[PDB]
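Q: One structure coming up, written as structure tokens, with questions to follow.
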Amino acid sequence: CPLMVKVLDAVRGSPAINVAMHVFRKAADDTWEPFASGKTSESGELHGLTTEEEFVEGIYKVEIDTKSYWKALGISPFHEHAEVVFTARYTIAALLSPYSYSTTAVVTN
Amino acid sequence: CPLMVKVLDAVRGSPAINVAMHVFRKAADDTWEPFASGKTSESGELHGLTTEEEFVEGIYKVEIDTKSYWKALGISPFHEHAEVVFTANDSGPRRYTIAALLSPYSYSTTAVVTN
Amino acid sequence: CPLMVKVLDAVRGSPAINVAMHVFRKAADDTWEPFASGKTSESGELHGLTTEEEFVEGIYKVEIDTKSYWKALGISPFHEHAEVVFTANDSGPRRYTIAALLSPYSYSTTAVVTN
Amino acid sequence: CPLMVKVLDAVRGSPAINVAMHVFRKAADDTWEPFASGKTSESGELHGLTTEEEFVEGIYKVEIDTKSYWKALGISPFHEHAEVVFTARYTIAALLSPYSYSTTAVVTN
Ligand SMILES: O=C(/C=C/c1ccc(O)c(O)c1)OCCc1ccccc1
Ligand SMILES: O=C(/C=C/c1ccc(O)c(O)c1)OCCc1ccccc1
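Protein chains in written order, with my numbering: chain A, 1 to 109; chain B, 1 to 115; chain C, 1 to 115; chain D, 1 to 109.
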């Protein structure tokens with residue numbers, strides 16, 4: 001698992017479950033090509049987005065649909081979504097509040 | 001001043017100075033059109049991006065060039081940039097302060113919205 | 001103004017107003033002695049806690065009463081309070097801004113230190 | 001495992017390893033009694049601090065020695081340590097930078 005995303009809910013103190021996200025890879029013409037996607041599990045984790053062979057050097061974007069998540073809970077959010085854009089084992093963690101988010105990368109051997 | 005951005009450096013415990021950022025607005029055809037740009041001052045703040053007349057309802061994107069900031073300090077950061085995308089003014093004019101806190105492998109953003 | 005504290009509310013996207021906090025200084029006998037206290041204003045800021053003369057070298061603790069803040073809004077938060085403990089002025093006088101961002105189950109604190 | 005702590009390093013993008021912390025429980029005379037302690041593993045996690053039987057309702061303090069961690073890396077930190085004080089399955093996560101820290105609780109069934 002070369003890429004995993006973990007999402008947490010700072011309002012309810014829980015994993016953020018059923019959070020949808022898409023992963024994009026930047027193409028030569030500088031547009032974003034869909035690469036992978038999924039929803040966080042009950043543990044707020046999304047695994048198996050890609051494989052080692054497939055996960056080559058490049059600029060990747062993770063677009064997390066935080067807006068739909070807050071809407072399903074009945075809470076008005078500030079952001080349309082949360083993006084994480086980086087040059088590429090990776091774990092991306094995102095901590096969500098209605099008017100704030102934080103994201104960190106844990107890059108290991 | 002309906003839109004202000006403040007950027008802080010969590011490694012040095014200082015304002016993040018001379019951080020470039022570009023603001024875009026989503027056009028009718030769903031493309032990002034350039035709206036405004038600037039660099040943070042010695043206090044880590046960027047004022048005067050726009051005016052109340054210009055800052056109409058819409059979806060806005062603030063793209064903060066955190067990578068060049070970290071690189072100029074000898075650090076290779078994780079993120080290409082930090083984005084903030086939000087719908088603005090859809091219930092009438094508001095004032096928005098976007099605050100970003102930067103580390104090489106992490107960032108956080110919060111918004112303060114006032115009437 | 002050598003010590004200022006700014007508190008923001010991540011749920012409402014607003015300054016956190018009327019947040020009480022107490023500042024303590026570590027005494028010679030290793031106990032926390034009361035140093036100063038106050039409440040945040042309508043802009044989420046607390047100024048005038050101390051002066052340059054009073055604010056000598058030492059270890060300081062700022063205890064922010066986040067629990068009462070959340071409770072007054074009908075939320076049962078996780079944390080009793082948010083603390084910031086730091087050595088101040090040991091290389092000469094500095095100015096400290098302590099920023100806290102609050103959610104019911106989370107908080108973040110950062111310091112901006114200037115000469 | 002009713003209580004676990006996870007610590008991450010926002011400067012190096014890694015788990016924070018060998019971070020020492022003590023856990024205290026507030027006593028009737030309102031002082032802090034030592035309760036448990038340990039160091040984070042290579043995954044930045046600290047497990048087995050307590051048991052279900054032992055982990056009763058009360059006010060707990062987790063005092064994380066972030067200062068020694070930054071010092072061992074050669075970086076001057078702002079904080080003496082990072083405290084997490086709460087009324088009590090709990091996971092406390094802390095994300096560390098030299099002049100900043102964030103902490104969140106994930107409270108599950
Ligand atoms: O749960 C997390 C991080 C939660 C968290 C903490 C602080 C934050 O500010 C934030 O936004 C999120 O870390 C998981 C990463 C990980 C996974 C496997 C092995 C090693 C490391
Ligand atoms: O300096 C700030 C916020 C800095 C900060 C704090 C915590 C963070 O996690 C972060 O990323 C940034 O406050 C400015 C916002 C403001 C605007 C108008 C009125 C009141 C407050």
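We put the beta carbon where it would ideally sit given N, CA and C, even for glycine.
How would you list, in chain order, the residues of chain D whose beta-carbon sits under 8 Å from the beta-carbon of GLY13 (chain A)?
A: In the first sequence, residue 13 (chain A) corresponds to position 13, counting from 1. Under the 8 Å cutoff, chain D gives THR104, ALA105, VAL106, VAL107.
Q: For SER14 (chain C), write down the residues that DSSP places opposite it in a beta bridge.
A: Within the third sequence, residue 14 (chain C) is the residue found at index 14, counting from 1. Answer by DSSP bridge pairing, in chain order: C:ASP9.
Q: Report buried or exposed for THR31 (chain C), applying the criterion of at least 16 other Cβ atoms within 10 angstroms of its Cβ.
A: Numbered from its first residue, the third sequence carries residue 31 (chain C) at position 31. Its Cβ having fewer than 16 others within 10 Å, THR31 (chain C) is exposed.
Q: Quick one: list the residues of chain B neighbouring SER41 (chain A), beta-carbon separation under 7 Å, in chain order.
A: Here residue 41 (chain A) refers to the residue found at position 41 when the first sequence is read from its first residue. Chain B residues near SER41 (chain A): none, gap ~23 Å exceeds 7 Å.
Q: My output table needs one value for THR110 (chain B): the three-state DSSP class, helix, strand or coil.
A: Position 110 of the second sequence holds residue 110 (chain B). Strand.
Q: Rounded to a whole number of angstroms, what is the C-alpha to C-alpha distance between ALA20 (chain A) and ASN18 (chain C)?
A: As a working mapping, residue 20 (chain A) is identified with position 20 in the first sequence. As a working mapping, residue 18 (chain C) is identified with position 18 in the third sequence. One C-alpha to the other measures close to 37 Å.
Q: Does the separation of the CB atoms of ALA94 (chain D) and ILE59 (chain D) fall below 8 Å?
A: One-based indexing of the fourth sequence puts residue 94 (chain D) at position 94. One-based indexing of the fourth sequence puts residue 59 (chain D) at position 59. No, Cβ-Cβ distance for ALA94 (chain D) and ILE59 (chain D) is not below 8 Å.
Q: Using 8 Å as the threshold, is the region 94 to 111 of chain B in touch with the region 83 to 98 of chain C, meaning 3 or more CB pairs across them?
A: No contact exists between the region 94 to 111 of chain B and the region 83 to 98 of chain C.
Q: Does the distance from the CB of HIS22 (chain A) to the CB of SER37 (chain A) come in under 8 Å?
A: The residue given as residue 22 (chain A) occupies position 22 in the first sequence. The residue given as residue 37 (chain A) occupies position 37 in the first sequence. Against a cut-off of 8 Å, the Cβ pair of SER37 (chain A) and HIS22 (chain A) comes out as a contact.
Q: Would you say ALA93 (chain A) touches ligand 4, meaning its beta carbon is less than 7 Å from a heavy atom?
A: With respect to small molecules bound, the structure shown includes ligand 1 and ligand 2 and not ligand 4.
Q: Ends of the alpha helix (DSSP H) at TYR69 (chain A)?
A: For the purposes of this step, residue 69 (chain A) is taken as residue 69 along the first sequence, with counting starting at 1. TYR69 (chain A) -> alpha helix (DSSP H) spans 66 to 73.
Q: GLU57 (chain C) to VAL112 (chain C), Cα distance in whole Å?
A: Translated into the one-based positions of the third sequence, residue 57 (chain C) becomes position 57. Translated into the one-based positions of the third sequence, residue 112 (chain C) becomes position 112. Looking at the two C-alpha atoms, the distance is approximately 17 Å.
Q: Rounded to a whole number of angstroms, what is the C-alpha to C-alpha distance between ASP9 (chain A) and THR50 (chain C)?
A: As a working mapping, residue 9 (chain A) is identified with position 9 in the first sequence. As a working mapping, residue 50 (chain C) is identified with position 50 in the third sequence. Each residue's Cα considered, the two are about 37 Å apart.
Q: Quick check on this structure: which residue in C:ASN115, C:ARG94, C:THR110, C:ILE98 has the alpha carbon closest to the alpha carbon of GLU54 (chain C)?
A: Within the third sequence, residue 54 (chain C) is the residue found at index 54, counting from 1. Nearest of C:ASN115, C:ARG94, C:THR110, C:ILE98 to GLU54 (chain C), Cα basis: C:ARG94.
Q: Hey, would you say the C-beta of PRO15 (chain C) is under 7 Å away from at least one heavy atom of ligand 2?
A: Taking the first residue of the third sequence as position 1, residue 15 (chain C) is located at position 15. Flag set: Cβ of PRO15 (chain C) near ligand 2.
Q: Specify, as a first and last residue, the run of the beta strand (DSSP E) that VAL85 (chain C) falls within.
A: Here residue 85 (chain C) refers to the residue found at position 85 of the third sequence. That run of the beta strand (DSSP E) goes 79 to 88.
Q: Give a single yes or no on whether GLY44 (chain D) has its beta carbon closer than 7 Å to a heavy atom of ligand 1.
A: Stepping through the fourth sequence from its first residue, residue 44 (chain D) is reached at position 44. At least one heavy atom of ligand 1 is nearer than 7 Å to the Cβ of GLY44 (chain D), so yes.
Q: In terms of residues, what are the limits of the beta strand (DSSP E) holding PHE35 (chain D)?
A: Start at 1 with the first residue of the fourth sequence, and residue 35 (chain D) comes out as number 35. First-last of the beta strand (DSSP E) with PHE35 (chain D): 32 to 39.
Q: Drop a sphere of 10 angstroms on the beta-carbon of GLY13 (chain A), count the other beta-carbons inside from all chains shown, and report buried for 16 or more, exposed for fewer.
A: Stepping through the first sequence from its first residue, residue 13 (chain A) is reached at position 13. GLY13 (chain A) is buried by the Cβ-count criterion.
Q: Counting along the chain, where does the beta strand (DSSP E) carrying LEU102 (chain B) start and finish?
A: For the purposes of this step, residue 102 (chain B) is taken as the residue at position 102 of the second sequence. Note, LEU102 (chain B): beta strand (DSSP E), 95 to 103.
Q: Quick check on DSSP: helix, strand or coil for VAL62 (chain B)?
A: Residue 62 (chain B) sits at position 62 when you count from the first residue of the second sequence. Three-state result, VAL62 (chain B): strand.
Q: Look up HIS47 (chain A) in the DSSP assignment and say whether it is helix, strand or coil.
A: Against the first sequence, residue 47 (chain A) aligns to sequence position 47. Three-state DSSP puts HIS47 (chain A) in coil, outside helix and strand.
Q: Is the beta carbon of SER43 (chain B) sitting closer than 8 Å to the one on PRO15 (chain B)?
A: Walking along the second sequence from the start, residue 43 (chain B) turns up at place 43. Walking along the second sequence from the start, residue 15 (chain B) turns up at place 15. It is a contact, given that the beta carbons lie within the stated cut-off.
Q: Output, in chain order, the set of chain C residues within a Cβ distance shorter than 8 Å of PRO98 (chain A).
A: For the purposes of this step, residue 98 (chain A) is taken as the residue at position 98 of the first sequence. Those are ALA10, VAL11, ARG12, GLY13, listed as they occur along chain C.
Q: Could you name the residues that DSSP lists as bridge partners for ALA20 (chain C)?
A: Counted from its first residue, the third sequence places residue 20 (chain C) at position 20. Looking at the DSSP assignment, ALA20 (chain C) forms a beta bridge with C:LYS39.
Q: Apply the 10 Å Cβ neighbour rule to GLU33 (chain B) and answer buried if 16 or more other Cβ atoms are within range, or exposed otherwise.
A: Position 33 of the second sequence, counted from the start, is the residue given in the question as residue 33 (chain B). Label assigned to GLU33 (chain B): exposed.
Q: Short of 6 Å in beta carbon distance, which residues of its chain neighbour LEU46 (chain D), apart from the five on each side in sequence? Order them along the chain.
A: As a first step, residue 46 (chain D) is located in the fourth sequence; it is residue number 46 there, counting from the start. Excluding residues within five positions, the ones whose Cβ falls inside 6 Å are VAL5, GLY38, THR40.
Q: Which residues, in order along the region 77 to 97 of chain C, keep a beta-carbon less than 7 Å from a beta-carbon of chain A?
A: Result list: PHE78.
Q: Does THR108 (chain D) pass the burial test, meaning 16 or more other C-beta atoms within 10 Å, or should it be called exposed?
A: The residue labelled residue 108 (chain D) in the question sits at position 108 within the fourth sequence. Exposed: under 16 other Cβ atoms inside 10 Å.
Q: Rounded to whole angstroms, what is the Cα-Cα separation between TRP70 (chain D) and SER76 (chain C)?
A: Stepping through the fourth sequence from its first residue, residue 70 (chain D) is reached at position 70. Stepping through the third sequence from its first residue, residue 76 (chain C) is reached at position 76. Cα to Cα, the separation comes out at about 33 Å.
Q: Can you check whether the C-beta of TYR107 (chain B) is within less than 8 Å of a C-beta belonging to chain A?
A: Reading the second sequence from its first residue, position 107 is the one you call residue 107 (chain B). Output row for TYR107 (chain B): interface = yes.
Q: Where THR110 (chain C) and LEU96 (chain D) are concerned, what is the direct C-alpha to C-alpha distance, given to the nearest angstrom?
A: In the third sequence, residue 110 (chain C) corresponds to position 110, counting from 1. In the fourth sequence, residue 96 (chain D) corresponds to position 96, counting from 1. Each residue's alpha carbon lies about 10 Å from the other.
Q: Which residues in chain C sit within 8 Å of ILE59 (chain D), going by Cβ to Cβ distance?
A: Translated into the one-based positions of the fourth sequence, residue 59 (chain D) becomes position 59. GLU80, listed in chain order.
Q: From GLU80 (chain B) to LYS26 (chain B), what distance separates their C-alpha atoms?
A: In the second sequence, counting from the first residue as 1, residue 80 (chain B) sits at position 80. In the second sequence, counting from the first residue as 1, residue 26 (chain B) sits at position 26. For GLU80 (chain B) and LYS26 (chain B), the distance between alpha carbons rounds to 21 Å.
Q: Looking at ligand 1, does it come within less than 7 Å of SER102 (chain D), judged from the CB to the closest heavy atom?
A: On the fourth sequence, residue 102 (chain D) is found 102 positions in, with the first residue counted as 1. Yes, since a heavy atom of ligand 1 falls inside the 7 Å radius drawn around the Cβ of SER102 (chain D).
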